[PDB]
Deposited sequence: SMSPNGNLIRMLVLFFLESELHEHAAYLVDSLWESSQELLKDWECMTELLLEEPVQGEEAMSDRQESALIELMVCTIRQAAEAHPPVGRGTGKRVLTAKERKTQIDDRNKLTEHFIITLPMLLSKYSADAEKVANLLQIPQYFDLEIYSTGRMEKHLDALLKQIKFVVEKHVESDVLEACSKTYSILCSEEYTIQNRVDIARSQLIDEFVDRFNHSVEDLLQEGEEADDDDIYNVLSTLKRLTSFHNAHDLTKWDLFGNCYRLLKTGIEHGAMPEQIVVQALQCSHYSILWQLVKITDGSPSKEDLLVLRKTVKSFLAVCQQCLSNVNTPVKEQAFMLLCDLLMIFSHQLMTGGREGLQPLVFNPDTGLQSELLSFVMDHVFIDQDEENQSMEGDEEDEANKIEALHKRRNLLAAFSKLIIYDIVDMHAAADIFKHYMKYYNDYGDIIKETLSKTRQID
């Protein structure tokens, strides 16, 4: 009770202090066989995190670690297998009973306590984003069963406070996924969550719309920018996993971008978010059209929208800020692939009017960016910058293979940048082998 509390405090210390386990997941997995009983005392952990001390209180670093270890033990119990990277997975009768009983325990416990944890740690972006990895392991039917509506209401209260307090993309994405999970995975509660969600969206689409109007009518304040960016960020996070087309967000995103091209003075993060948001609006418009039985006029409406947006991304390659260029580039390579002739697979030849062949101008600009921004002359941030330039090239590579760009002009550039490997590689290879 306090005994299991000491073991968990020291387990959190051994993790943080030693360098013998880099990953909480791997530490938990390693102790799992021997210490499952301790590692699922979730009442003990939530107690440590929620109680006030008598003496010796936990540090902010230690609290952070305990939450991370707790979410790891919650996954391990729910999934009943080692974490990604330690895999190899058939369960005995007793392991399956333990999985069900564990799923039942952590669900009852965290439905009650997860709202209290979010409340207390609401301002801590890393902590809240970890805590919000928890409902995905819930046995959501229990919200009905335990006459537990009061606690669903409480989680939604606290998610609302999180989204309202925060702009970090990790936190917003955690909130977006948590609404997803609560919705379309149990009809009983689907309606209650749907109401809380659209109310949240309504309040943010109003704030976004008023701020867009503020900024464009306006000289322009620091407030005027913060308000647009901050509200747009929330809606962009959500627009990936929630169809927000009923709010015409593409319209106001389009104006923001059209203004940043024209008078050249739109802040980079507004442009990036505005591009992402527009893209998500277009993907969702596409799903409603595929699955529906769309008219001729329906197709030509979306086509005008997609042509105007391809044009905005083309133009945003010329923006001075390289995060803008990368975003525009990534979207160009997505959209040019999506609205390729691929679209007329699976008997869906109705969609021909939605097909887009990029012009020479565009293909040349999609060549330029690769030369300028994938292949550049010159810690932790640089292994991350590299994987992105990889993802950029790979996105571009798909367009080459299907002749959507000039496959020759591309390979020519791939020669030019591989030269020293084709000219000296054998000599460099053998030299290095004998050392």
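Colleague: No C-alpha coordinates anywhere in a stretch? Then put that deposited-sequence range on the list, in order along the chain.
Modeller: Missing CA coords at 1, 56 to 57, 92 to 93, 224 to 225, 386 to 398, 456 to 459.
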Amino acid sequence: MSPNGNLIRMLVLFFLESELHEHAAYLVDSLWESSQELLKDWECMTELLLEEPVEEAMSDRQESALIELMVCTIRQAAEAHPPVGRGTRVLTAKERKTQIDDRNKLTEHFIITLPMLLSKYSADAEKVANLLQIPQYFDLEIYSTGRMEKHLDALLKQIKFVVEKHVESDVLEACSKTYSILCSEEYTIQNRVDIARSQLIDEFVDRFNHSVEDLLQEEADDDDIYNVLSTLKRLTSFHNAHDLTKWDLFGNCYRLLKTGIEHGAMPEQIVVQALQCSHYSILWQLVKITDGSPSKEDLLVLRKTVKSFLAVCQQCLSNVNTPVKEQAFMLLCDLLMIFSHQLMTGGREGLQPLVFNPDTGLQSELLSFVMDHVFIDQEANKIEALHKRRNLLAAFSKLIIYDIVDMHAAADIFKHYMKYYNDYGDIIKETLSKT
From here on, numbers count along this sequence of modelled residues.
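Each form is matched to the other, and the largest set of C-alpha atoms that superpose within 1.5 Å is called the rigid core.
Colleague: After a rigid core fit, does 14 to 22 or 419 to 427 show more C-alpha displacement in 8 other deposited structures of this protein?
Modeller: Evaluated in 8 other deposited structures of this protein, the stretch farther from the shown form is 419 to 427.
Colleague: After a core fit, does 341 to 349 or 183 to 191 show the bigger CA gap to the shown form in 8 other deposited structures of this protein?
Modeller: With the rigid core superposed, the C-alphas that lie farther in 8 other deposited structures of this protein are those of 183 to 191.
Colleague: Please compare 395 to 403 with 37 to 45 and name the stretch with the higher mean C-alpha B-factor in the deposited structure.
Modeller: Mean B over CA atoms: larger for 395 to 403.
Colleague: Taking the mean of the C-alpha B-factors per stretch from the entry, tell me the winner out of 384 to 392 and 26 to 34.
Modeller: Per the PDB record, 384 to 392.
Colleague: Have a look at 124, 262, 326, 168 and flag the one whose Cα has the highest B-factor in the entry.
Modeller: The C-alpha B-factor peaks, among 124, 262, 326, 168, at 262.
Colleague: Hey, out of 185, 139, 79, 102, whose CA B-factor is highest in the deposited coordinates?
Modeller: Highest C-alpha B-factor among the listed options: 185.
Colleague: Ranking the modelled residues of this chain by C-alpha B-factor as given in the entry, is residue 173 in the lowest, middle or highest third?
Modeller: For residue 173, the deposited C-alpha B-factor lands in the middle third.
Colleague: Split into thirds by Cα B-factor across the chain's modelled residues, where does residue 296 land: lowest, middle or highest?
Modeller: It falls in the top third of the chain.
Colleague: If you rank every modelled residue in this chain by C-alpha B factor, which third holds residue 227: lowest, middle or highest?
Modeller: Middle third.
Colleague: Classify residue 269 as lowest, middle or highest third according to the C-alpha B-factor given in the PDB entry, relative to its own chain.
Modeller: For residue 269, whose C-alpha B-factor we compare with every modelled residue in the chain, the answer is the middle third.
Colleague: What third of the chain, by the recorded C-alpha B-factor, contains residue 145?
Modeller: It falls in the top third of the chain.
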